[PDB]
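As numbered in the deposited numbering, residues 43 to 124, 198 to 303, 325 to 355, 357 to 395, 408 to 492 make up the sequence shown, in order.
Beta carbons: idealized from backbone N, C-alpha and C, even for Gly.
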Amino acid sequence: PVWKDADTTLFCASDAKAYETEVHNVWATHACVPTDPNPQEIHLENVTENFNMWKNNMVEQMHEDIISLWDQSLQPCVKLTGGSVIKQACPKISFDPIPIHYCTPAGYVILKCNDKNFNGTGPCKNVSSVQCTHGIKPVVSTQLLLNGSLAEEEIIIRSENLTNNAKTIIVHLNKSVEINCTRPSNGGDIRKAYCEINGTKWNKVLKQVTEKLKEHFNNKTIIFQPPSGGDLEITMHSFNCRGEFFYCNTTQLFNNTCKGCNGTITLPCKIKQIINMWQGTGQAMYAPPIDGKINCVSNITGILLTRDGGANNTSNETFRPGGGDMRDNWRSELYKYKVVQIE
Ligand SMILES: NCC(=O)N1CCN(C(=O)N2C[C@H](CO)C[C@H](C(=O)Nc3ccc(Cl)c(F)c3)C2)CC1
Ligand SMILES: *[C@@H]1O[C@H](CO)[C@@H](O)[C@H](O)[C@H]1NC(C)=O
Ligand SMILES: *[C@@H]1O[C@H](CO)[C@@H](O)[C@H](O)[C@H]1NC(C)=O
Ligand SMILES: *[C@@H]1O[C@H](CO)[C@@H](O)[C@H](O)[C@H]1NC(C)=O
Ligand SMILES: *[C@@H]1O[C@H](CO)[C@@H](O)[C@H](O)[C@H]1NC(C)=O
Ligand SMILES: *[C@@H]1O[C@H](CO)[C@@H](O)[C@H](O)[C@H]1NC(C)=O
Ligand SMILES: *[C@@H]1O[C@H](CO)[C@@H](O)[C@H](O)[C@H]1NC(C)=O
Ligand SMILES: *[C@@H]1O[C@H](CO)[C@@H](O)[C@H](O)[C@H]1NC(C)=O
Ligand SMILES: *[C@@H]1O[C@H](CO)[C@@H](O)[C@H](O)[C@H]1NC(C)=O
Ligand SMILES: *[C@@H]1O[C@H](CO)[C@@H](O)[C@H](O)[C@H]1NC(C)=O
Ligand SMILES: *[C@@H]1O[C@H](CO)[C@@H](O)[C@H](O)[C@H]1NC(C)=O
């Protein structure tokens, strides 16, 4: 059985619950099938295959799915896509992502790279074939990748072209770092929140990230700086928790000084009603946050970085956190997968 590289229309599988009102469950109930009860990958003996996580149509297909899911599930009170102003009801929803499997139709298979040091591009020497990917949670965020999978050996640097500073860098961690975010109790500032992180763990992992980046940039000095301009979605770590949009200041995470800084790091945050959408250009206005304690505990599993340009003539490389193109979030999980057509 031989194959060739090809794109095709995939379908999706999930474990959505019948009567759950959570928006991810409802969308999967009507747009996905139940997950494969007996999956078994086929190892391809002595096969080496090339992959390119930055040129992978699975990413675009997942992007279209998550756009469609958010479009049917989140209802803003006011939607402003340039000039036009749509007003409607904005009930609060139940929101928590569930795993989605992407699967091939007849005549196609997914090749899976099992190399534990695979960086996302180039050859792979331990290859298997599957009918479906694993369950991928579609977490929308900027700056930090949340609730993903971990690199199995070392910290992995991913980029389409590291020399080109316009190309985003995905840092894939091998040890997750918890981020615990709370909008407490109540009143009438209901938007003020905070995220707590173990500073010992975070600064240890950041140290390891800098050393790994030194390996790629001629043992140069590595400097982290906060973003340099942009809207709040770019300059802040943005994510959705229980349907509410949190914006968190990550200045204390990207400080090169760390000494007397081994305690809990408290990130100031705020819940925003007016957000610049990631699906398409436009603003959306939601209703004020629900009452009660709003809390999310997540795993930081990767970091999105942009390297500063114009530093060739210096001894430093400066890196800033940088989300915005949600495709890279899906890429960080689909990197090991590629679709081929069974000849
Ligand atoms: N047309 C194809 C395309 O690629 N895009 C369409 C338009 N986009 C955009 O304008 N921005 C800029 C905007 C700031 O100005 C922030 C956008 C963004 O990340 N928002 C965002 C919202 C909520 C959450 Cl929870 C989140 F984590 C992120 C990217 C998205 C990119
Ligand atoms: C290939 O990958 C598998 C995981 O699917 C794992 O046992 C190991 O990393 C490799 N095994 C062999 C026999 O090469
Ligand atoms: C990934 O590995 C390939 C070798 O297969 C190499 O050519 C490429 O530059 C690597 N990229 C990074 C970011 O390490
Ligand atoms: C967080 O990470 C731990 C180990 O790193 C893992 O066991 C746990 O399932 C992760 N939590 C989530 C929500 O993925
Ligand atoms: C993670 O990777 C780094 C190298 O980048 C290594 O020093 C460290 O020991 C690894 N941690 C684990 C838990 O494997
Ligand atoms: C990578 O980027 C650098 C700088 O933009 C460029 O000189 C080089 O040709 C690029 N390599 C590829 C394969 O595009
Ligand atoms: C998260 O933080 C809240 C308040 O700061 C605390 O009550 C809760 O126990 C924390 N949970 C974890 C898992 O750290
Ligand atoms: C913080 O991280 C360190 C090292 O990972 C760990 O020993 C400690 O239990 C964690 N929690 C606190 C409260 O220090
Ligand atoms: C984050 O906090 C620092 C001070 O703690 C402040 O200077 C900075 O403006 C804040 N970030 C944003 C995007 O407002
Ligand atoms: C990460 O997973 C935990 C457990 O499933 C969940 O409570 C949390 O809300 C998730 N975080 C995000 C940002 O989806
Ligand atoms: C900066 O780096 C790029 C890619 O490595 C190179 O093409 C360019 O000549 C360098 N310096 C300047 C001043 O352009």
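Can you tell which of 121, 201, 227 has its C-alpha closest to the C-alpha of residue 83?
Looking up residue 83 in the sequence shown gives position 41. Comparing Cα positions, the closest option is 227.
Check for me: the beta strand (DSSP E) holding residue 215 runs from which residue to which?
On the sequence shown, position 100 is the one that residue 215 refers to. Taken as a continuous stretch (DSSP letters only), residue 215 belongs to no beta strand (DSSP E), as it is neither H nor E.
Just to confirm, does residue 415 get its C-beta within under 6 Å of one of the non-hydrogen atoms of ligand 7?
Counting from 1 along the sequence shown, the entry for residue 415 is found at position 266. Checking every heavy atom of ligand 7 against the Cβ of residue 415, none is found closer than 6 Å.
Residue burial classification, residue 98 (beta-carbon count within 10 angstroms, cutoff 16):
Looking up residue 98 in the sequence shown gives position 56. The residue in question, residue 98, is buried, as its Cβ has 16 or more Cβ neighbours within 10 Å.
Can you name the residues that DSSP bridges to residue 116?
On the sequence shown, position 74 is the one that residue 116 refers to. Residue 116 is not bridged to any residue.
The alpha helix (DSSP H) enclosing residue 278, as first and last residue numbers:
The sequence position of residue 278 within the sequence shown is 163, counting from 1. Residue 278 -> no alpha helix (DSSP H), and no H or E assigned at all.
By the DSSP assignment, the alpha helix (DSSP H) with residue 374 in it spans what residues?
For the purposes of this step, residue 374 is taken as residue 237 along the sequence shown, with counting starting at 1. Run containing residue 374: none in the alpha helix (DSSP H); it sits in the beta strand (DSSP E), 374–378.
Spatial neighbours of residue 263 within its chain, please: C-beta separation below 8 Å, excluding the five flanking residues on both sides.
Residue mapping note: residue 263 aligns to position 148 of the sequence shown, counting from 1. Same-chain partners within the cutoff: 252, 254, 448, 450, 451, 481, 482.
Can you list the residues near ligand 9, meaning Cβ strictly closer than 6 Å to any non-hydrogen atom, in the order they appear in the chain?
372, 373, 386, 388
Which term fits residue 114, buried or exposed, when burial requires 16 or more other beta carbons within 10 angstroms of its beta carbon?
Position 72 of the sequence shown holds residue 114. The residue is exposed, with fewer than 16 neighbouring Cβ atoms inside 10 Å.
Does residue 282 come out as helix, strand or coil in the three-state DSSP assignment?
Residue numbering aside, residue 282 sits at position 167 when the sequence shown is read from its first letter. If DSSP states are grouped into helix, strand and coil, residue 282 belongs with coil.
According to DSSP, residues forming a beta bridge with residue 371:
In the sequence shown, the residue the question calls residue 371 occupies position 234. For residue 371, which the question treats as bridged, DSSP gives no partner whatsoever.
Residue range of the beta strand (DSSP E) that residue 91 falls in?
What you label residue 91 is simply residue 49 of the sequence shown in a count that begins at 1. Where residue 91 is concerned, the enclosing beta strand (DSSP E) stretches over 91–94.
Does the distance from the CB of residue 355 to the CB of residue 236 come in under 7 Å?
For the purposes of this step, residue 355 is taken as the residue at position 219 of the sequence shown. For the purposes of this step, residue 236 is taken as the residue at position 121 of the sequence shown. Going by C-beta atoms, residue 355 is not nearer than 7 Å to residue 236.
What residue range does the alpha helix (DSSP H) around residue 477 cover?
Indexing the sequence shown from 1 puts residue 477 at position 328. Here the alpha helix (DSSP H) through residue 477 covers 476–483.
Closer than 7 Å: residues whose CB approaches a heavy atom of ligand 1:
255, 256, 257, 367, 368, 370, 371, 375, 376, 377, 382, 424, 425, 426, 427, 428, 429, 430, 472, 473, 474, 475
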